[PDB]
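**Student:** This is the structure I have questions about; it appears just below.
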Amino acid sequence: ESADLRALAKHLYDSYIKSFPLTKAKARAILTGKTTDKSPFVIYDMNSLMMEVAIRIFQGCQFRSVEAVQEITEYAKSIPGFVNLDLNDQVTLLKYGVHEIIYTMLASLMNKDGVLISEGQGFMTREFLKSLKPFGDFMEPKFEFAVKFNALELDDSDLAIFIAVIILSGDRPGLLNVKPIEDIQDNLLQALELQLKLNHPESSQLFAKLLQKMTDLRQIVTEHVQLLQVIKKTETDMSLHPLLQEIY
Amino acid sequence: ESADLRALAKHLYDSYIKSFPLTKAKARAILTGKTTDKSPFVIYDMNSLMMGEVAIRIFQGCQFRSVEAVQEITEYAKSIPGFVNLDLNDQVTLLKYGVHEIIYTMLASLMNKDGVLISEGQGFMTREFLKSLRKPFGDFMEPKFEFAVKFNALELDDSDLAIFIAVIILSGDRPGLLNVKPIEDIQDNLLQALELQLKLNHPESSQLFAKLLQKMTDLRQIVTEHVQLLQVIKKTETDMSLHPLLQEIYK
Ligand SMILES: CCCCCCOc1ccc(C(=O)N[C@H](C(=O)NO)C(C)C)cc1
């Protein structure tokens with residue numbers, strides 16, 4: 001019945017707002033969408049950056065991503081049925097879902113020329129990121145995904161349901177009880193479909209186009225982790241950085 | 001109008017039957033009990049194999065089947081409304097990237113958890129036998145079995161698959177495409193047709209449409225794993241020849 005579907009959509013939206021500080025609505029108003037109170041500092045080269053380069057940028061991204069995981073974790077616990085799953089299955093779903101979610105939400109903060117950083121008080125150009133060492137290949141395939149993903153023109157109410165769909169996948173390795181997970185994901189998928197039909201009545205087969213983006217998304221995540229291995233292949237030793245690499 | 005969508009579904013199923021010699025219907029009519037004029041000979045070891053012809057030989061037999069499959073898929077693609085009216089370069093790109101995803105979708109029709117039909121359904125080669133092949137070749141088919149067992153649980157029939165295969169071809173997020181708009185226009189039509197087909201054919205199956213579209217994620221990874229395997233085989237088997245058509249498809 002369409003009432004608990006809209007109820008679910010509204011519920012996810014509100015939770016998404018509470019959990020994630022920088023919404024797409026706010027990000028877009030800051031990006032090339034302009035407004036008149038505060039423009040972000042723009043990092044376009046080595047001197048404008050000047051707060052250490054290459055390694056320290058990568059490390060800055062890890063700090064932020066560790067923050068993101070905790071925001072996503074809180075959001076997951078608001079998905080009806082999630083906290084009632086097997087504890088091991090909750091951990092597994094977050095462990096394998098969090099990267100997909102991070103690059104999905106990161107698109108909200110990107111345009112074809114750069115990405116918002118530091119709660120949007122900053123902007124790092126796409127071109128500055130390409131000019132880096134082994135690290136100049138990290139962000140670029142994310143930019144290419146974002147350009148295509150953002151073409152769908154989803155807003156936060158759409159993204160909230162989509163993010164829940166990703167978390168409740170069901171094909172994650174090592175799950176103990178797949179049934180209640182795919183039951184929840186069936187319900188979320190229904191809510192997303194209705195949401196897209198109501199929010200974007202003249203965008204045909206948007207639901208289908210969005211799900212097809214998961215194919216790009218998972219290969220991006222796969223490529224990314226393999227890239228992460230190559231960096232554990234040159235800077236390695238002297239951990240006067242003790243528990244902080246333990247945090248990571 | 002649903003009527004134009006039904007007519008498109010019927011057109012595609014028709015071309016599917018005309019293009020592909022071994023349908024899911026027939027493959028499921030050799031595998032299960034059913035008919036006993038179409039019982040396959042079963043290959044499960046070397047002696048039962050030599051009721052035939054190993055490793056490298058199986059692999060090149062597989063190569064030739066793939067090449068055939070490219071011809072069948074190409075003939076099918078041309079029947080898809082608007083496909084042949086596209087920029088010739090984009091026709092080539094769509095097939096380049098579409099062909100293996102379709103092969104592994106169709107391959108699932110020929111599979112159960114225990115093995116796979118071969119030689120147009122006259123033979124059946126065991127999963128365990130395939131997994132026991134020397135080193136590199138033993139990991140070739142196993143992830144295709146993994147996919148098939150899960151894909152086959154959707155219980156699609158040939159009229160479902162016909163439209164799904166067309167949807168795969170007309171992607172538009174394919175690398176290198178020149179004009180994405182007319183491709184995406186065709187795919188939207190195909191997606192509407194698929195959506196209708198699945199709700200009329202599987203009325204009690206909730207969100208089958210979304211669940212099927214998600215399988216596209218598994219297909220992509222199978223192809224990606226498969227390319228990595230071939231890179232390995234080409235380095236260890238310097239005396240083994242890969243077909244030029246297959247080489248052109250890979251990069
Ligand atoms: C639509 C026609 C589908 C016919 C199904 C044939 O079954 C298969 C399954 C897997 C393969 C396969 O992976 N071939 C590899 C391949 O295509 N590498 O590119 C190698 C061995 C040639 C080929 C045929």
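In the structure tokens, each chain is lettered A, B, ... as it comes, each chain's residues begin at 1, and ligands are numbered from 1 in order of appearance.
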Report as a list in words which protein, DNA and RNA residues come within 6 Å of ligand 1, using only C-alpha atoms and all ligand atoms.

**Tutor:**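 The residues near ligand 1 are residues 59, 62, 63, 65, 66, 69, 73, 103, 106, 107 and 246 of chain B.
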
**Student:** Extract, using only C-alpha atoms, all DNA, RNA and protein residues at most 10 Å from stretch 107-123 of chain A, discarding same-chain residues fewer than 2 positions from it, and format them as number ranges by chain.

**Tutor:** A: 21-28, 30-32, 38-44, 60-61, 64, 102-105, 125-129, 139, 142-150, 153-156, 159

**Student:** So that I have them on file, write out the residues from the current selection with C-alpha atoms, as a compact mmCIF listing (two decimals), in the first residue's frame.

**Tutor:**
# COMPACT_ATOMS: atom_id res chain seq x y z
CA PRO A 21 25.95 17.56 7.58
CA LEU A 22 26.38 18.69 3.95
CA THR A 23 23.32 17.95 1.79
CA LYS A 24 23.35 17.90 -2.00
CA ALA A 25 20.97 20.88 -1.91
CA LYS A 26 23.56 22.89 0.01
CA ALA A 27 26.48 21.57 -2.03
CA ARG A 28 24.84 22.59 -5.32
CA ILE A 30 27.83 26.48 -3.30
CA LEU A 31 29.23 24.85 -6.45
CA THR A 32 28.72 26.59 -9.79
CA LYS A 38 30.39 33.10 1.51
CA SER A 39 32.42 31.71 -1.41
CA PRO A 40 34.73 28.72 -0.63
CA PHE A 41 38.54 28.97 -0.59
CA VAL A 42 39.77 27.53 -3.87
CA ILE A 43 42.72 25.14 -4.05
CA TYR A 44 43.98 25.15 -7.62
CA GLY A 60 43.27 14.15 4.77
CA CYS A 61 40.88 12.14 2.64
CA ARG A 64 37.22 12.51 6.25
CA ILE A 102 31.08 7.25 0.01
CA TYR A 103 31.55 7.69 -3.76
CA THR A 104 27.83 8.05 -4.26
CA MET A 105 27.59 10.93 -1.80
CA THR A 125 40.11 21.71 -8.54
CA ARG A 126 39.98 18.56 -10.63
CA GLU A 127 43.10 19.68 -12.46
CA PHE A 128 45.14 20.17 -9.32
CA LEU A 129 44.28 16.56 -8.29
CA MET A 139 40.18 11.01 -7.77
CA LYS A 142 35.47 9.37 -9.36
CA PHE A 143 35.09 12.61 -11.36
CA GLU A 144 34.07 10.62 -14.42
CA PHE A 145 31.47 8.69 -12.39
CA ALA A 146 30.12 11.87 -10.73
CA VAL A 147 29.60 13.60 -14.08
CA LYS A 148 27.46 10.73 -15.30
CA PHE A 149 25.72 10.17 -11.95
CA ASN A 150 24.87 13.86 -11.49
CA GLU A 153 19.64 15.16 -11.28
CA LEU A 154 18.61 13.31 -8.12
CA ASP A 155 17.89 15.37 -5.04
CA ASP A 156 18.47 14.41 -1.39
CA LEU A 159 19.45 9.76 -2.70

**Student:** Work out how far apart atom CA of residue A:133 and atom CA of residue A:55 are and give it in Å to one decimal.

**Tutor:** 9.2 Å

**Student:** Fewer than 6 positions away in the same chain doesn't count, so skip those; otherwise give me all residues within 9 Å of stretch 229-232 of chain B, counting only C-alpha atoms, as an MDAnalysis selection string.

**Tutor:** chainID B and resid 136:137 139:140

**Student:** Now that the selection is made, can you save its residues with N, CA and C atoms as a PDB file, in the first residue's frame?

**Tutor:**
ATOM      1  N   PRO B 136      45.559 -22.787 -14.544  1.00  0.00           N
ATOM      2  CA  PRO B 136      44.816 -21.614 -14.995  1.00  0.00           C
ATOM      3  C   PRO B 136      43.422 -21.935 -15.534  1.00  0.00           C
ATOM      4  N   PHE B 137      43.306 -22.991 -16.315  1.00  0.00           N
ATOM      5  CA  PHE B 137      42.056 -23.367 -16.926  1.00  0.00           C
ATOM      6  C   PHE B 137      40.964 -23.833 -15.983  1.00  0.00           C
ATOM      7  N   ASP B 139      39.997 -22.389 -13.270  1.00  0.00           N
ATOM      8  CA  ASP B 139      39.263 -21.259 -12.689  1.00  0.00           C
ATOM      9  C   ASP B 139      38.496 -20.512 -13.750  1.00  0.00           C
ATOM     10  N   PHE B 140      38.437 -21.098 -14.929  1.00  0.00           N
ATOM     11  CA  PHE B 140      37.882 -20.390 -16.056  1.00  0.00           C
ATOM     12  C   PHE B 140      36.361 -20.352 -15.940  1.00  0.00           C
TER      13      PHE B 140
END

**Student:** I need the chain A residues near chain B as a list in words; criterion: at most 7 Å, counting only C-alpha atoms.

**Tutor:**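 Written out as asked, the residues are residues 186, 205, 211, 212, 214 and 215 of chain A.
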
**Student:** Export, as an mmCIF file, in the first residue's frame, the selected residues with N, CA and C atoms.

**Tutor:**
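The new file out_19.cif reads:
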data_model
loop_
_atom_site.group_PDB
_atom_site.id
_atom_site.type_symbol
_atom_site.label_atom_id
_atom_site.label_comp_id
_atom_site.auth_asym_id
_atom_site.auth_seq_id
_atom_site.Cartn_x
_atom_site.Cartn_y
_atom_site.Cartn_z
ATOM 1 N N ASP A 186 13.695 -5.193 -0.957
ATOM 2 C CA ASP A 186 12.504 -5.179 -1.822
ATOM 3 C C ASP A 186 11.599 -4.018 -1.462
ATOM 4 N N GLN A 205 11.954 6.093 -17.020
ATOM 5 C CA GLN A 205 12.799 4.960 -16.679
ATOM 6 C C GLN A 205 14.011 5.381 -15.831
ATOM 7 N N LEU A 211 19.566 2.247 -11.162
ATOM 8 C CA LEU A 211 20.072 0.920 -10.777
ATOM 9 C C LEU A 211 21.237 0.503 -11.663
ATOM 10 N N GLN A 212 21.209 0.927 -12.924
ATOM 11 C CA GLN A 212 22.290 0.586 -13.850
ATOM 12 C C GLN A 212 23.599 1.250 -13.443
ATOM 13 N N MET A 214 24.817 1.265 -10.531
ATOM 14 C CA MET A 214 25.508 0.403 -9.574
ATOM 15 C C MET A 214 26.623 -0.381 -10.265
ATOM 16 N N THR A 215 26.468 -0.626 -11.570
ATOM 17 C CA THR A 215 27.483 -1.387 -12.306
ATOM 18 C C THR A 215 28.760 -0.575 -12.403
#

**Student:** Mind checking which residues fall within 8 Å of stretch 156-166 of chain B, counting only C-alpha atoms, ignoring those fewer than 3 positions away in the same chain, and posting them as a list in words?

**Tutor:**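 So the residues in contact are residues 9, 10, 12, 13, 16, 23, 24, 25, 77, 80, 102, 152, 169, 170, 190, 193, 194, 197 and 198 of chain B.
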